[PDB]
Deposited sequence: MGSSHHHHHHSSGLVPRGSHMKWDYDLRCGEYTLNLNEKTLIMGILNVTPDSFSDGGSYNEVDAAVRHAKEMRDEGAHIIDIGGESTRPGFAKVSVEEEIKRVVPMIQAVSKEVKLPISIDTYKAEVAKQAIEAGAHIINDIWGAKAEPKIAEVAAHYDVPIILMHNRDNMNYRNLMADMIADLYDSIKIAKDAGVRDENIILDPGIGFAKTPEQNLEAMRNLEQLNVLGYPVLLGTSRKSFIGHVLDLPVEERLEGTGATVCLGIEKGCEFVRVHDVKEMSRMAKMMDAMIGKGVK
């Protein structure tokens, strides 16, 4: 057992020794906000992902708009899914106010793509509601002295803000932030040296699903990036990742399960 604690998420509890845990991306196709077609399509997609081996559902407004409206979009979504799919929900925002709404709508984990640097006040919410927060590596420039050395550095400045906010060590997950503020070549390198994040002593989540650096290597558009995704997930798991964040849940679940058998997990 590398991990002497489970991840506590209100009603559900997630073990870190047993299997690589799969986070299924829930999209958000919007058109005022909350109508039947929107929330219906979201629900059967979450249902489908539960059915195919997913352990968490990640609900994200945006991708790549009004704070007051982001809530009106995403609140109803969480209310429905948590009612209809017994599985923890994480909320993909950086905005403080948004997260508060979501946990109170039903969400269980915060997923912040700016590692509490976008709105420091987020970490406080996470602290106040006692939920597990994911801190992703990001930055508004790409001028690294040393890629990995700087990642770990910036990730620490994230932990500093989390910890000073009241966040317990046991609710902290880290993310190398594949695709964010990194060239196609830099993304390959973070993948190559992913094991280093382990020295920080926190669970690590890896999000490479369908991304464009896969496209740059394989020369293949988004709908043909399943195998390349596979590869990222397998190399990830072998380097000690605890979660992976993917679109193609069925396929990626089976690959995790093989890797798991193989590496001893």
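Mind pulling out the bits of the deposited sequence that never got modelled, as residue ranges from 1?
Residues lacking C-alpha coordinates: 1-20, 51-53, 88-93, 295-297.
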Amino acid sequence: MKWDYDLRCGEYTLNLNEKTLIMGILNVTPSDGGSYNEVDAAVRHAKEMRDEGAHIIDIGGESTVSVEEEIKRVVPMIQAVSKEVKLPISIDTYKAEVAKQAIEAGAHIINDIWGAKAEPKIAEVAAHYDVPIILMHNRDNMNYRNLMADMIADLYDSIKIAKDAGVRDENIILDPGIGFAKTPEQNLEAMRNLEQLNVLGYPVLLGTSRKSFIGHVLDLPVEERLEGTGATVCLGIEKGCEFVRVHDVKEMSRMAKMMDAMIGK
From here on, numbers count along this sequence of modelled residues.
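Under this definition, the rigid core comprises the largest set of C-alpha atoms superposing within 1.5 Å between the forms.
Higher C-alpha RMS shift from the shown form in 8 other deposited structures of this protein - 21-29 or 242-250, rigid core fit:
Looking at 242-250 and 21-29 in 8 other deposited structures of this protein, the bigger mover is 21-29.
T64 dropped from a third or more of the other entries of this protein:
Yes.
Which wins on mean Cα temperature factor, 34-42 or 213-221?
Taking the mean C-alpha B-factor of 34-42 and of 213-221, the larger value falls to 34-42.
Can you let me know which of the two, 188-196 or 118-126, has the higher average C-alpha B-factor in the entry?
Of 118-126 and 188-196, the stretch with the higher C-alpha B-factor average is 118-126.
Identity of residue with top Cα B-factor, from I173, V85, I178, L147
The C-alpha B-factor peaks, among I173, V85, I178, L147, at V85.
From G236, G53, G61, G230, can you pick the one with the highest C-alpha B factor in the entry?
Of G236, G53, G61, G230, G61 has the highest C-alpha B-factor.
Would you please rank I152 by its C-alpha temperature factor against the other modelled residues of its chain and give the third it falls in: lowest, middle or highest?
According to the entry, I152 has a C-alpha B-factor in the chain's lowest third.
Select lowest, middle or highest to describe the third in which the CA B-factor of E18 falls within its chain in this entry.
It falls in the middle third of the chain.
Going by the entry, which third of its chain does the Cα temperature factor of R139 land in?
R139: CA B-factor falls in the middle third of its chain.
Lowest, middle or highest third - CA B-factor, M1
Ranked within chain, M1 CA B lands in the highest tercile.
Mind checking which third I57 falls in for C-alpha B-factor across the chain?
Middle third - that is where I57 ends up once the chain's C-alpha B-factors are sorted.
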